[PDB]
Amino acid sequence: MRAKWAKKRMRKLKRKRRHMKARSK
Amino acid sequence: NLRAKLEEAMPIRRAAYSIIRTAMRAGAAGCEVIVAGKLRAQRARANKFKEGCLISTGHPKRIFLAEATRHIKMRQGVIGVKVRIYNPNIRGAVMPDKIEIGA
Amino acid sequence: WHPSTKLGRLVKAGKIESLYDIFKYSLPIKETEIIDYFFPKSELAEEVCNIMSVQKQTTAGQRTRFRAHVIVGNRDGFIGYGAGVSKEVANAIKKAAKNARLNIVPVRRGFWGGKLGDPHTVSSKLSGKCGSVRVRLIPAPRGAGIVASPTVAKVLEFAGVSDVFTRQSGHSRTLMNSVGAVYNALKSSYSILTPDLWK
Amino acid sequence: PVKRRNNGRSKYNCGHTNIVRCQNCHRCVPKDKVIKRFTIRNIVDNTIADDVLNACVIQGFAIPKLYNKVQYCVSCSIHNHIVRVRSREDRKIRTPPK
Amino acid sequence: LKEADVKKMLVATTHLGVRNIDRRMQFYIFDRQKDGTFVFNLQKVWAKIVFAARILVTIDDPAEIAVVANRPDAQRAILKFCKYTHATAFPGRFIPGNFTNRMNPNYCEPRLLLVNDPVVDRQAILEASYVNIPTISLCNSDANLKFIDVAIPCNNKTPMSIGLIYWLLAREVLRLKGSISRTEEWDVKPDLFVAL
Amino acid sequence: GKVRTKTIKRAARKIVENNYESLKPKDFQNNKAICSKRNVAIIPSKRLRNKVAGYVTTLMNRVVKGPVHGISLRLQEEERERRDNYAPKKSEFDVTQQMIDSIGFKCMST
Amino acid sequence: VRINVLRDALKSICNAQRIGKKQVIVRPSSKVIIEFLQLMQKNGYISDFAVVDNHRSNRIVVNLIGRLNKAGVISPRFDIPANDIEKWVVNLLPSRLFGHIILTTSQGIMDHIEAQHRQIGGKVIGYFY
Amino acid sequence: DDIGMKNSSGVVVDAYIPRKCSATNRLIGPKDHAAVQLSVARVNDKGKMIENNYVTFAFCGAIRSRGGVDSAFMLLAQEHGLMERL
RNA sequence: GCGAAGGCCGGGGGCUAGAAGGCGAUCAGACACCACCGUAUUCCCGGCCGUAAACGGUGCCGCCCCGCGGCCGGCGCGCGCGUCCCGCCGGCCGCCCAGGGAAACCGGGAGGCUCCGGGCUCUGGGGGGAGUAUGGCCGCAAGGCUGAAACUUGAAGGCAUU
């Protein structure tokens with residue numbers, strides 16, 4: 001299910017990007 | 001005759017059709033002319049022009065099929081032509097497969 | 001020439017006066033020789049368009065065959081579009097010509113406004129559809145001419161329609177569908193009940 | 001494109017049906033999309049049927065029949081040949097073969 | 001109509017019709033039996049036989065009317081009809097291309113057609129519609145009149161009923177043109193048309 | 001065992017109808033002589049003639065007992081025509097009541 | 001709901017003509033439907049029409065002669081200026097010579113030709129060609 | 001007053017005028033190959049024999065495809081007198 | 001306001017199956033498929049969440065339209081009288097005449113439409129980048145909802161034939 005796995009990969013990366021912004025600001 | 005027409009630059013379809021009709025008028029059941037070589041191209045084609053019924057295999061091919069091969073020469077390169085003419089009624093022998101039957 | 005159909009046999013007598021007589025009885029023409037009988041002076045104008053090389057994939061390789069489309073028509077009131085397919089470009093053109101003559105149909109024609117004499121436009125707004133392409137043949141004034149795509153323009157010159165306003169809708173780059181549509185519209189020219197034919 | 005009008009299941013006037021398990025493959029298939037073949041076989045093999053009757057002391061005994069409904073998924077059915085890939089026209093034929 | 005014909009039609013079972021019916025066929029139907037069999041008013045059937053006969057008589061060449069039937073029972077009736085009324089006959093298979101293919105060995109261009117059953121002779125009617133040819137057909141209660149210009153209500157399934165209807169038509173066609181007067185009864189019996 | 005070729009089969013069917021009187025049903029040798037006359041049938045090839053003559057023998061045994069399609073027997077044709085043109089005496093065919101009364105004919109009423 | 005009484009009527013007439021039905025029934029009868037049909041009866045496109053009274057909206061039994069080709073309504077009814085009538089006739093009708101555009105005018109419901117002669121324009125009810 | 005398109009001179013122009021279907025008044029187009037023109041004979045009072053004159057009936061391909069021709073014909077023949085209205 | 005499943009937050013409850021985890025095989029490897037054990041979960045109550053190939057991939061109300069059958073509910077008509085028959089109305093369906101469509105197919109419409117106009121709402125405008133970024137709102141969270149541009153590319157896609 002590459003399209004579902006693509007959205008799982010995307011969500012995981014947006015979660016990480018939120019964590020980096022949480023470390024700052 | 002075809003080799004001369006091809007050297008006169010007759011179109012291959014026009015030259016072949018002229019040979020076919022003359023054989024058909026002389027009564028061949030089938031006339032086939034194949035012209036092969038670089039026909040106005042650097043790639044080689046093999047345009048076969050055929051009309052009527054022509055047998056392909058068997059001892060009758062020896063008896064009822066006149067197969068003539070030429071190597072007409074054009075500037076770009078050799079164009080080999082084969083004319084095959086099949087006559088079932090050659091007087092001397094009959095087609096083995098054909099059954100004449102009766103009334 | 002031996003006539004093959006009981007219509008062709010009435011045409012070898014001359015019993016049939018004009019192609020229009022046969023059209024008024026909606027008869028099917030099966031021999032191109034019957035059209036030739038009613039077209040004595042150098043037959044009728046013929047044009048070859050869209051010769052397409054179509055390939056069927058086989059185990060050995062692609063088999064290229066040629067689809068020619070031919071329009072035949074007088075410059076007065078008749079148009080036929082037919083198509084043939086043969087390995088030989090020439091053979092297909094002959095088959096296309098034969099089919100085009102067999103499907104020759106009449107065009108009503110008419111007046112945009114002034115009724116001075118000869119009909120110059122189409123009788124009404126005529127529409128025909130082949131595949132995606134749909135055509136709109138609308139009357140035009142005597143000053144206008146065939147406002148059409150080059151392909152449709154040839155069909156309207158070979159139908160004797162001097163001036164027509166046309167609009168094509170669809171993939172009109174497909175010339176086979178394009179000529180088919182403007183032919184089916186020009187086959188509806190005598191299927192429309194106008195107040196003129198109400199009696 | 002859409003191969004079948006029924007969409008491969010008999011769901012009419014319905015938004016959800018019950019879930020059945022394919023007996024061989026143990027999968028979850030909707031009730032509408034299931035093979036549902038009911039079989040009545042005699043309890044014993046037909047080769048051993050007459051000799052069971054001779055052996056049976058009870059007079060007038062009738063051999064028990066086994067009544068079961070075998071339900072399978074499309075994958076767990078085409079592979080067992082219970083249903084077969086059909087021609088596009090043959091697919092339309094709804095009548096049971098034989 | 002005449003009384004003798006009505007009694008003959010009653011023993012024919014021409015009135016009897018199939019348990020399925022079509023809305024176009026309802027005009028002819030008189031009533032439905034408790035089983036479901038739809039009887040036809042024989043007078044309505046007769047008017048169709050004579051109306052059809054007048055159309056058959058309007059052709060100049062009677063041998064240009066093609067009578068085609070695939071039904072085994074109809075085979076003898078169509079041939080007898082062709083012997084009494086000169087006409088082209090198609091027994092057994094219609095053979096596709098018969099009316100449309102110039103190079104057909106049975107190529108016939110008819111100006112009328114007669115078909116025993118719209119269903120058993122579907123190909124014949126379809127070809128008639130390709131070449132402007134009219135069509136007259138014998139029709140039961142389930143009648144698909146597509147491409148059928150004139151239709152005679154009858155059982156069209158019972159072997160005897162098929163025979164009487166062609167005989168009732170042959171008789172009347174011959175009488176309208178000349179030959180037997182409607183005063184003098186036909187010497188030929190309708191049992192000749194029916195095949196055992 | 002060896003399926004006959006369409007030329008052998010077709011020719012044999014033509015020979016059997018043309019020489020139905022001349023041919024005999026169960027004898028290949030008798031039928032070979034008929035087929036090799038160069039008159040009622042001209043077959044080139046000894047093996048073709050033998051093959052056609054053998055089909056003819058099989059087809060002749062079928063013709064006498066339960067005849068088969070593609071063969072036209074004048075003897076069967078006259079008998080078929082006799083029944084086809086046969087008349088069944090007085091014709092029993094000569095000899096829903098509400099409908100009869102609806103026409104008003106009321107035939108056989110009461 | 002039934003917003004346009006006339007559209008359903010001219011659709012139920014065109015469908016009947018395509019079937020080849022001689023007579024049809026219109027479920028709701030309006031005064032503007034009768035005026036549109038009356039115009040078609042004075043142009044020969046329709047035959048006799050009879051409004052039965054059901055004591056509600058009323059029905060119309062319409063007789064047809066195969067003569068009518070297309071009957072429709074323009075919705076919303078757009079008021080047409082006098083010089084705009086010809087631009088409408090060049091798109092809505094086939095041929096400047098045949099066809100009719102029915103427009104409600106202060107004088108009354110009239111064809112485009114009648115409106116042109118009186119040199120007035122009005123809201124377009126529909127069209128029949 | 002004639003059935004053809006006219007010009008200023010009033011001469012009927014165009015060419016042939018297509019037949020109209022008897023039942024549906026629909027012009028039979030040039031390539032409509034399902035159109036039929038069968039005729040029905042009339043009978044004299046004495047001897048009930050045809051007068052060699054018949055009423056022609058043209059039906060369009062569409063009314064034939066619809067399958068309404070059979071009923072149409074009877075009604076048209078009843079108007080023409082050949083069939084008894086009944 | 002409601003909203004499958006999974007998830008979450010409190011209480012419980014805990015038979016089965018079983019995301020995780022652990023094992024035994026497999027294999028070149030196998031932390032996959034298959035076997036085995038088993039936690040969350042599955043179940044209930046009070047909430048959150050707000051999503052599904054949530055599909056008829058087909059908004060809603062209205063009109064007409066062609067036959068042929070099946071089933072379901074209600075009602076009426078004959079008839080001996082039967083869970084008959086023929087209707088009617090509402091529903092669910094199958095085939096399909098036209099007609100439509102690029103075709104598959106739709107035909108109780110995807111018909112009545114280049115011959116184009118019954119009313120109302122929503123959405124799309126080559127394929128990526130990208131449902132990303134950022135801002136807002138919402139949720140406890142997971143996430144939901146709204147939603148770019150720079151930049152890239154000449155096709156991506158539908159249906160059908162071989």
# chains A, B, ... in the order shown; residues from 1 in each chain; ligands from 1

$ select_by_dssp --residues "chain D" --states "helix (DSSP H, G or I)" --output "ChimeraX atom specification"
/D:49-55,75-78,88-92

$ closest_atom_pairs --of "chain E" --to "chain I" --cutoff "9 Å" --atoms "only C-alpha atoms (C1' of nucleotides)" --output "CSV"
residue,atom,partner,partner_atom,distance
E:22,CA,I:67,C1',8.3
E:23,CA,I:67,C1',8.4
E:34,CA,I:85,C1',8.0
E:146,CA,I:97,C1',8.9

$ write_last_selection --atoms "C-alpha atoms" --output "PDB file, in the first residue's frame"
ATOM      1  CA  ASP E  22     -47.264  -8.352 -25.149  1.00  0.00           C
ATOM      2  CA  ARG E  23     -49.065  -4.969 -24.727  1.00  0.00           C
ATOM      3  CA  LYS E  34     -57.812 -19.882 -16.260  1.00  0.00           C
ATOM      4  CA  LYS E 146     -39.876  -4.730 -34.140  1.00  0.00           C
TER       5      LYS E 146
END

$ interface_residues --of "chain C" --to "chain H" --cutoff "10 Å" --atoms "only C-alpha atoms" --output "count of residues only"
42

$ atom_distance --atom1 "CA of residue 78 in chain E" --atom2 "CA of residue 165 in chain E"
10.5 Å

$ interface_residues --of "chain E" --to "chain F" --cutoff "10 Å" --atoms "only C-alpha atoms" --output "number ranges by chain"
E: 1-12, 15-16, 29-33, 38-44, 76, 79-80, 160-161, 163-164, 188-196

$ residues_around --residues "range 38-41 of chain H" --least-positions-apart "6" --cutoff "8 Å" --atoms "only C-alpha atoms (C1' of nucleotides)" --output "list in words"
residues 51, 54, 55, 57, 58, 112 and 134 of chain E; 50, 51, 52, 53, 54, 55, 56, 57, 58 and 82 of chain H

$ write_last_selection --atoms "N, CA, C and O atoms" --output "PDB file, in the first residue's frame"
ATOM      1  N   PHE E  51     -56.540  -8.603 -44.805  1.00  0.00           N
ATOM      2  CA  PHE E  51     -55.784  -7.343 -45.004  1.00  0.00           C
ATOM      3  C   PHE E  51     -54.393  -7.680 -45.538  1.00  0.00           C
ATOM      4  O   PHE E  51     -53.942  -7.039 -46.507  1.00  0.00           O
ATOM      5  N   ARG E  54     -54.460  -8.715 -49.243  1.00  0.00           N
ATOM      6  CA  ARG E  54     -54.568  -7.597 -50.210  1.00  0.00           C
ATOM      7  C   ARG E  54     -53.171  -7.040 -50.492  1.00  0.00           C
ATOM      8  O   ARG E  54     -52.872  -6.794 -51.666  1.00  0.00           O
ATOM      9  N   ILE E  55     -52.341  -6.891 -49.459  1.00  0.00           N
ATOM     10  CA  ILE E  55     -50.941  -6.403 -49.647  1.00  0.00           C
ATOM     11  C   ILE E  55     -50.155  -7.408 -50.498  1.00  0.00           C
ATOM     12  O   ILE E  55     -49.435  -6.978 -51.422  1.00  0.00           O
ATOM     13  N   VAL E  57     -51.286  -9.321 -52.739  1.00  0.00           N
ATOM     14  CA  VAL E  57     -51.816  -9.256 -54.134  1.00  0.00           C
ATOM     15  C   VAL E  57     -51.302  -7.991 -54.841  1.00  0.00           C
ATOM     16  O   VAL E  57     -51.246  -7.996 -56.085  1.00  0.00           O
ATOM     17  N   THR E  58     -50.786  -7.002 -54.107  1.00  0.00           N
ATOM     18  CA  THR E  58     -50.420  -5.730 -54.792  1.00  0.00           C
ATOM     19  C   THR E  58     -49.068  -5.838 -55.493  1.00  0.00           C
ATOM     20  O   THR E  58     -48.730  -4.912 -56.252  1.00  0.00           O
ATOM     21  N   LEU E 112     -41.661  -8.175 -50.569  1.00  0.00           N
ATOM     22  CA  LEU E 112     -42.460  -8.476 -49.352  1.00  0.00           C
ATOM     23  C   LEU E 112     -41.793  -9.668 -48.661  1.00  0.00           C
ATOM     24  O   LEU E 112     -40.922 -10.280 -49.297  1.00  0.00           O
ATOM     25  N   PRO E 134     -40.497  -4.776 -46.863  1.00  0.00           N
ATOM     26  CA  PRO E 134     -41.514  -4.922 -45.822  1.00  0.00           C
ATOM     27  C   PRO E 134     -41.465  -6.307 -45.174  1.00  0.00           C
ATOM     28  O   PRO E 134     -40.808  -7.183 -45.704  1.00  0.00           O
TER      29      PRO E 134
ATOM     30  N   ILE H  50     -59.576  -7.434 -57.086  1.00  0.00           N
ATOM     31  CA  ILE H  50     -58.781  -6.178 -56.996  1.00  0.00           C
ATOM     32  C   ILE H  50     -58.988  -5.326 -58.250  1.00  0.00           C
ATOM     33  O   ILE H  50     -59.215  -5.895 -59.334  1.00  0.00           O
ATOM     34  N   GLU H  51     -58.932  -4.002 -58.095  1.00  0.00           N
ATOM     35  CA  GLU H  51     -59.173  -3.093 -59.245  1.00  0.00           C
ATOM     36  C   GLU H  51     -57.840  -2.688 -59.875  1.00  0.00           C
ATOM     37  O   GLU H  51     -57.840  -1.682 -60.613  1.00  0.00           O
ATOM     38  N   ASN H  52     -56.763  -3.425 -59.583  1.00  0.00           N
ATOM     39  CA  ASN H  52     -55.415  -3.124 -60.150  1.00  0.00           C
ATOM     40  C   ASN H  52     -54.932  -1.752 -59.659  1.00  0.00           C
ATOM     41  O   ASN H  52     -53.853  -1.319 -60.107  1.00  0.00           O
ATOM     42  N   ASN H  53     -55.691  -1.103 -58.769  1.00  0.00           N
ATOM     43  CA  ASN H  53     -55.264   0.191 -58.176  1.00  0.00           C
ATOM     44  C   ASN H  53     -55.172  -0.028 -56.664  1.00  0.00           C
ATOM     45  O   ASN H  53     -56.082  -0.678 -56.110  1.00  0.00           O
ATOM     46  N   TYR H  54     -54.086   0.425 -56.033  1.00  0.00           N
ATOM     47  CA  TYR H  54     -53.886   0.130 -54.592  1.00  0.00           C
ATOM     48  C   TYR H  54     -53.477   1.410 -53.862  1.00  0.00           C
ATOM     49  O   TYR H  54     -52.928   2.315 -54.516  1.00  0.00           O
ATOM     50  N   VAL H  55     -53.735   1.480 -52.552  1.00  0.00           N
ATOM     51  CA  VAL H  55     -53.306   2.666 -51.750  1.00  0.00           C
ATOM     52  C   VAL H  55     -51.911   2.388 -51.177  1.00  0.00           C
ATOM     53  O   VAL H  55     -51.793   1.450 -50.376  1.00  0.00           O
ATOM     54  N   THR H  56     -50.909   3.187 -51.557  1.00  0.00           N
ATOM     55  CA  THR H  56     -49.527   3.006 -51.041  1.00  0.00           C
ATOM     56  C   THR H  56     -49.411   3.557 -49.621  1.00  0.00           C
ATOM     57  O   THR H  56     -50.086   4.557 -49.318  1.00  0.00           O
ATOM     58  N   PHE H  57     -48.561   2.940 -48.799  1.00  0.00           N
ATOM     59  CA  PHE H  57     -48.384   3.372 -47.389  1.00  0.00           C
ATOM     60  C   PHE H  57     -46.889   3.461 -47.070  1.00  0.00           C
ATOM     61  O   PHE H  57     -46.266   2.387 -46.988  1.00  0.00           O
ATOM     62  N   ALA H  58     -46.323   4.651 -46.887  1.00  0.00           N
ATOM     63  CA  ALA H  58     -44.876   4.653 -46.595  1.00  0.00           C
ATOM     64  C   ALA H  58     -44.688   4.711 -45.082  1.00  0.00           C
ATOM     65  O   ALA H  58     -45.326   5.555 -44.444  1.00  0.00           O
ATOM     66  N   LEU H  82     -60.270   0.827 -46.454  1.00  0.00           N
ATOM     67  CA  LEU H  82     -59.949  -0.585 -46.796  1.00  0.00           C
ATOM     68  C   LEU H  82     -60.271  -1.522 -45.628  1.00  0.00           C
ATOM     69  O   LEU H  82     -60.805  -2.615 -45.883  1.00  0.00           O
TER      70      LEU H  82
END

$ residues_around --residues "range 82-93 of chain B" --least-positions-apart "3" --cutoff "7 Å" --atoms "only C-alpha atoms (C1' of nucleotides)" --output "VMD selection string"
chain B and resid 28 to 35 54 64 to 70

$ residues_around --residues "residue 11 in chain G" --least-positions-apart "2" --cutoff "8 Å" --atoms "only C-alpha atoms (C1' of nucleotides)" --output "ChimeraX atom specification"
/G:7-9,13-15,71-72 /I:64,112

$ write_last_selection --atoms "C-alpha atoms (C1' of nucleotides)" --output "PDB file, in the first residue's frame"
ATOM      1  CA  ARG G   7     -40.968  23.295 -19.405  1.00  0.00           C
ATOM      2  CA  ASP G   8     -42.599  20.019 -18.304  1.00  0.00           C
ATOM      3  CA  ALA G   9     -45.405  20.550 -20.888  1.00  0.00           C
ATOM      4  CA  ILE G  13     -44.973  17.023 -26.049  1.00  0.00           C
ATOM      5  CA  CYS G  14     -41.499  16.506 -27.618  1.00  0.00           C
ATOM      6  CA  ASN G  15     -41.164  13.052 -25.966  1.00  0.00           C
ATOM      7  CA  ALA G  71     -40.305  23.169 -28.241  1.00  0.00           C
ATOM      8  CA  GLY G  72     -38.477  24.629 -25.205  1.00  0.00           C
TER       9      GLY G  72
ATOM     10  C1'   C I  64     -41.839  12.980 -19.024  1.00  0.00           C
ATOM     11  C1'   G I 112     -35.473  13.814 -23.339  1.00  0.00           C
TER      12        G I 112
END

$ atom_distance --atom1 "CA of residue 179 in chain C" --atom2 "CA of residue 61 in chain H"
25.1 Å

$ closest_atom_pairs --of "chain G" --to "chain H" --cutoff "9 Å" --atoms "only C-alpha atoms" --output "tab-separated table"
residue	atom	partner	partner_atom	distance
G:17	CA	H:24	CA	8.2
G:19	CA	H:66	CA	7.9
G:20	CA	H:24	CA	5.5
G:21	CA	H:24	CA	8.1
G:22	CA	H:24	CA	8.3
G:65	CA	H:25	CA	7.0
G:66	CA	H:25	CA	5.2
G:67	CA	H:25	CA	7.1

$ residues_around --residues "range 85-94 of chain D" --least-positions-apart "4" --cutoff "12 Å" --atoms "only C-alpha atoms (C1' of nucleotides)" --output "PDB file with N, CA, C and O atoms (P, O5', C5', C4', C3', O3' and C1' of nucleotides), in the first residue's frame"
ATOM      1  N   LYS D   3     -15.893  -4.403 -13.653  1.00  0.00           N
ATOM      2  CA  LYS D   3     -16.089  -5.750 -14.245  1.00  0.00           C
ATOM      3  C   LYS D   3     -17.521  -6.237 -14.017  1.00  0.00           C
ATOM      4  O   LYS D   3     -18.108  -6.783 -14.966  1.00  0.00           O
ATOM      5  N   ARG D   4     -18.063  -6.089 -12.807  1.00  0.00           N
ATOM      6  CA  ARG D   4     -19.399  -6.682 -12.530  1.00  0.00           C
ATOM      7  C   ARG D   4     -20.390  -5.644 -12.020  1.00  0.00           C
ATOM      8  O   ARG D   4     -19.992  -4.811 -11.199  1.00  0.00           O
ATOM      9  N   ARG D   5     -21.639  -5.714 -12.484  1.00  0.00           N
ATOM     10  CA  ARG D   5     -22.692  -4.801 -11.973  1.00  0.00           C
ATOM     11  C   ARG D   5     -22.925  -5.093 -10.490  1.00  0.00           C
ATOM     12  O   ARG D   5     -23.011  -4.126  -9.716  1.00  0.00           O
ATOM     13  N   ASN D   6     -23.035  -6.370 -10.108  1.00  0.00           N
ATOM     14  CA  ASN D   6     -23.346  -6.634  -8.683  1.00  0.00           C
ATOM     15  C   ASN D   6     -22.151  -6.159  -7.852  1.00  0.00           C
ATOM     16  O   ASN D   6     -22.304  -6.098  -6.625  1.00  0.00           O
ATOM     17  N   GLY D   8     -19.662  -7.866  -7.474  1.00  0.00           N
ATOM     18  CA  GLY D   8     -19.107  -9.123  -6.943  1.00  0.00           C
ATOM     19  C   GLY D   8     -19.795  -9.584  -5.679  1.00  0.00           C
ATOM     20  O   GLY D   8     -19.441 -10.665  -5.189  1.00  0.00           O
ATOM     21  N   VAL D  74     -13.209 -15.639  -2.330  1.00  0.00           N
ATOM     22  CA  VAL D  74     -12.973 -15.809  -3.788  1.00  0.00           C
ATOM     23  C   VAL D  74     -11.615 -16.481  -4.002  1.00  0.00           C
ATOM     24  O   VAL D  74     -11.563 -17.456  -4.754  1.00  0.00           O
ATOM     25  N   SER D  75     -10.573 -16.027  -3.309  1.00  0.00           N
ATOM     26  CA  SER D  75      -9.220 -16.623  -3.451  1.00  0.00           C
ATOM     27  C   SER D  75      -9.233 -18.069  -2.961  1.00  0.00           C
ATOM     28  O   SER D  75      -8.590 -18.910  -3.601  1.00  0.00           O
ATOM     29  N   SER D  77     -11.534 -20.084  -3.126  1.00  0.00           N
ATOM     30  CA  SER D  77     -12.565 -20.818  -3.911  1.00  0.00           C
ATOM     31  C   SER D  77     -12.102 -21.051  -5.350  1.00  0.00           C
ATOM     32  O   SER D  77     -12.304 -22.164  -5.854  1.00  0.00           O
ATOM     33  N   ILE D  78     -11.552 -20.024  -6.001  1.00  0.00           N
ATOM     34  CA  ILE D  78     -11.017 -20.157  -7.389  1.00  0.00           C
ATOM     35  C   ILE D  78      -9.862 -21.155  -7.367  1.00  0.00           C
ATOM     36  O   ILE D  78      -9.715 -21.916  -8.343  1.00  0.00           O
ATOM     37  N   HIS D  79      -9.143 -21.240  -6.250  1.00  0.00           N
ATOM     38  CA  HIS D  79      -7.935 -22.100  -6.204  1.00  0.00           C
ATOM     39  C   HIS D  79      -8.385 -23.536  -5.958  1.00  0.00           C
ATOM     40  O   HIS D  79      -7.687 -24.459  -6.409  1.00  0.00           O
ATOM     41  N   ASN D  80      -9.533 -23.715  -5.315  1.00  0.00           N
ATOM     42  CA  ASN D  80     -10.096 -25.073  -5.091  1.00  0.00           C
ATOM     43  C   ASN D  80     -11.025 -25.442  -6.248  1.00  0.00           C
ATOM     44  O   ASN D  80     -11.585 -26.553  -6.191  1.00  0.00           O
ATOM     45  N   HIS D  81     -11.171 -24.566  -7.245  1.00  0.00           N
ATOM     46  CA  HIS D  81     -12.033 -24.777  -8.445  1.00  0.00           C
ATOM     47  C   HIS D  81     -13.535 -24.838  -8.132  1.00  0.00           C
ATOM     48  O   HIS D  81     -14.279 -25.315  -9.007  1.00  0.00           O
TER      49      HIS D  81
ATOM     50  P     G I  94     -29.546  -4.637 -10.370  1.00  0.00           P
ATOM     51  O5'   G I  94     -29.974  -5.562 -11.615  1.00  0.00           O
ATOM     52  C5'   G I  94     -29.418  -6.892 -11.687  1.00  0.00           C
ATOM     53  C4'   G I  94     -30.256  -7.759 -12.593  1.00  0.00           C
ATOM     54  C3'   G I  94     -30.349  -7.347 -14.062  1.00  0.00           C
ATOM     55  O3'   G I  94     -29.186  -7.619 -14.831  1.00  0.00           O
ATOM     56  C1'   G I  94     -32.465  -8.017 -13.288  1.00  0.00           C
ATOM     57  P     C I  95     -28.584  -6.477 -15.766  1.00  0.00           P
ATOM     58  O5'   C I  95     -29.182  -6.826 -17.200  1.00  0.00           O
ATOM     59  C5'   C I  95     -29.226  -8.181 -17.679  1.00  0.00           C
ATOM     60  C4'   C I  95     -30.399  -8.366 -18.610  1.00  0.00           C
ATOM     61  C3'   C I  95     -30.509  -7.360 -19.742  1.00  0.00           C
ATOM     62  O3'   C I  95     -29.667  -7.623 -20.857  1.00  0.00           O
ATOM     63  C1'   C I  95     -32.628  -7.636 -18.733  1.00  0.00           C
TER      64        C I  95
END

$ residues_around --residues "range 94-110 of chain G" --least-positions-apart "5" --cutoff "7 Å" --atoms "only C-alpha atoms (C1' of nucleotides)" --output "ChimeraX atom specification"
/C:112-113,124-125,139 /G:35,89,115,121-129

$ write_last_selection --atoms "N, CA and C atoms" --output "mmCIF file, in the first residue's frame"
data_model
loop_
_atom_site.group_PDB
_atom_site.id
_atom_site.type_symbol
_atom_site.label_atom_id
_atom_site.label_comp_id
_atom_site.auth_asym_id
_atom_site.auth_seq_id
_atom_site.Cartn_x
_atom_site.Cartn_y
_atom_site.Cartn_z
ATOM 1 N N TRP C 112 -29.739 31.985 -46.784
ATOM 2 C CA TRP C 112 -29.551 32.638 -45.460
ATOM 3 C C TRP C 112 -30.640 33.687 -45.251
ATOM 4 N N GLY C 113 -30.849 34.543 -46.252
ATOM 5 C CA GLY C 113 -31.921 35.550 -46.165
ATOM 6 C C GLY C 113 -32.557 35.794 -47.515
ATOM 7 N N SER C 124 -30.774 24.619 -42.950
ATOM 8 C CA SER C 124 -30.976 25.068 -41.552
ATOM 9 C C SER C 124 -29.686 24.869 -40.766
ATOM 10 N N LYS C 125 -29.763 24.926 -39.437
ATOM 11 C CA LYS C 125 -28.589 24.564 -38.612
ATOM 12 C C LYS C 125 -28.522 23.037 -38.605
ATOM 13 N N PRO C 139 -26.385 28.569 -41.772
ATOM 14 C CA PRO C 139 -26.371 29.445 -42.955
ATOM 15 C C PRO C 139 -25.467 30.683 -42.879
ATOM 16 N N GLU G 35 -51.503 29.990 -23.929
ATOM 17 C CA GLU G 35 -51.058 31.041 -24.886
ATOM 18 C C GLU G 35 -49.896 30.540 -25.753
ATOM 19 N N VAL G 89 -32.344 35.291 -32.406
ATOM 20 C CA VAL G 89 -32.913 34.456 -33.506
ATOM 21 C C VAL G 89 -31.756 33.803 -34.265
ATOM 22 N N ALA G 115 -43.554 40.881 -32.730
ATOM 23 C CA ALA G 115 -42.889 41.899 -31.889
ATOM 24 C C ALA G 115 -42.065 42.843 -32.767
ATOM 25 N N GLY G 121 -40.013 45.022 -27.597
ATOM 26 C CA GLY G 121 -39.438 43.749 -27.131
ATOM 27 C C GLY G 121 -39.960 43.347 -25.765
ATOM 28 N N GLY G 122 -39.592 42.170 -25.253
ATOM 29 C CA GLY G 122 -40.174 41.704 -23.980
ATOM 30 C C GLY G 122 -39.465 40.478 -23.448
ATOM 31 N N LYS G 123 -39.906 39.954 -22.305
ATOM 32 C CA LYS G 123 -39.244 38.785 -21.665
ATOM 33 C C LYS G 123 -39.523 37.519 -22.480
ATOM 34 N N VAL G 124 -38.509 36.683 -22.728
ATOM 35 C CA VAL G 124 -38.730 35.505 -23.619
ATOM 36 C C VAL G 124 -39.362 34.365 -22.819
ATOM 37 N N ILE G 125 -40.558 33.936 -23.216
ATOM 38 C CA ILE G 125 -41.227 32.787 -22.545
ATOM 39 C C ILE G 125 -40.506 31.520 -22.999
ATOM 40 N N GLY G 126 -40.332 31.340 -24.312
ATOM 41 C CA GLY G 126 -39.657 30.136 -24.829
ATOM 42 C C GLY G 126 -39.404 30.167 -26.324
ATOM 43 N N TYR G 127 -39.460 29.006 -26.986
ATOM 44 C CA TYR G 127 -39.262 28.959 -28.458
ATOM 45 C C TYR G 127 -39.852 27.672 -29.033
ATOM 46 N N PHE G 128 -40.409 27.727 -30.242
ATOM 47 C CA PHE G 128 -40.861 26.473 -30.899
ATOM 48 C C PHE G 128 -40.404 26.490 -32.356
ATOM 49 N N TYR G 129 -39.617 25.489 -32.760
ATOM 50 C CA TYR G 129 -39.200 25.392 -34.182
ATOM 51 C C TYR G 129 -39.516 23.989 -34.698
#
